[PDB]
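The structure appears below as structure tokens.
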Amino acid sequence: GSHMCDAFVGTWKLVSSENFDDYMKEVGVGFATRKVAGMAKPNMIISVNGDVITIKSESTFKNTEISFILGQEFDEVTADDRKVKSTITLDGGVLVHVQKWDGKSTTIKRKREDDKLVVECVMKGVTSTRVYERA
Ligand SMILES: O=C1CN(Cc2ccc(Cl)c(Cl)c2)S(=O)(=O)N1
């Protein structure tokens, strides 16, 4: 066992969202993508195999999948089609995911709170909170 496996592994379904449209605007997502992305009710699937963590987002809008080792930069094409350089670390039990592109930066934190997995997406001063529960 590991902390990561116990906390995060499994299949999660989105149950609430706040300020996601505003977050997407701050990121630079265009109107049509924001509208379609904002409707989605994704499942988030998290798995671990040795040192490799995989996070999948499955929805009618887009399916995404990242696999990574903590602390080790990788390439990511986001749901809104940004080509970013990402680094994910585990800081005090919180997965902290930094994306860099075009001189910009956004941070996504994933954490367990009670029976929820809370995803906080932050761009400058704009935060979106997306809450998931086990499927
Ligand atoms: O709830 C969430 C939100 N995600 C990030 C995410 C998804 C879609 C778009 Cl368009 C953008 Cl800008 C960011 S996630 O995959 O990290 N989980």
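Just so you know, ligand 1 is whichever comes first in the structure, and atom 1 is the first atom listed for that ligand. Nothing fancy with the numbering, it's 1 onward along the sequence. The figures here come from the full heavy-atom set of this structure, side chains too, leaving out hydrogens, waters and symmetry mates.
The side-chain tip of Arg130 points at the ring of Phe20 from less than 6.0 angstrom away and within 45° of straight on.
Annotation: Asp51, atom CG; neighbour count of heavy atoms from other residues, nucleotides and ligands within 6.0 Å does not exceed 12. Counting heavy-atom neighbours within 6.0 Å of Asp6 CG, excluding the residue itself, gives a total above 12. Counting heavy atoms of neighbouring residues, nucleotides and ligands inside a 6.0 Å radius, atom NZ of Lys111 exceeds 12 of them.
Of the N or O atoms in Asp80, none lie within a sub-3.5 Å distance of an N or O in ligand 1.
Distances below 4.0 Å separate heavy atoms of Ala79 from the following atoms of ligand 1: 8 (C). Those atoms of ligand 1 that come under 4.0 Å of a heavy atom in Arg130, given as number and element, are 1 (O), 2 (C), 3 (C). Listed by number with element, the atoms of ligand 1 under 4.0 Å from a non-hydrogen atom of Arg82 are 12 (Cl). Near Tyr132, meaning under 4.0 Å from one of its heavy atoms, ligand 1 places the atoms 1 (O), 2 (C), 17 (N).
Scanning the protein heavy atoms around atom 15 (O) of ligand 1, the nearest turns out to be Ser57 CB, 4.0 Å. In terms of protein heavy atoms, atom 6 (C) of ligand 1 is closest to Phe20 CZ, 4.0 Å.
The ring-ring contact (aromatic ring centres under 6.0 Å, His included) analysis of residues 29-70, with sequence neighbours excluded, yields the pairs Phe68-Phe74.
Distance check on atom 4 (N) of ligand 1: every protein heavy atom falls at or beyond the 4.0 Å cut-off.
Looking at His97, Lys25, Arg110, it is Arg110 that brings a heavy atom closest to atom 16 (O) of ligand 1.
Under a 4.0 Å heavy-atom criterion, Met44 is not in contact with ligand 1.
The pair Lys100-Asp102 does not count as a salt bridge, with every side-chain nitrogen at least 4.0 angstrom from each carboxylate oxygen.
Under the side-chain hydrogen bond (donor to acceptor under 3.5 Å, both in side chains) criterion, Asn49 pairs with no residue, sequence neighbours left out.
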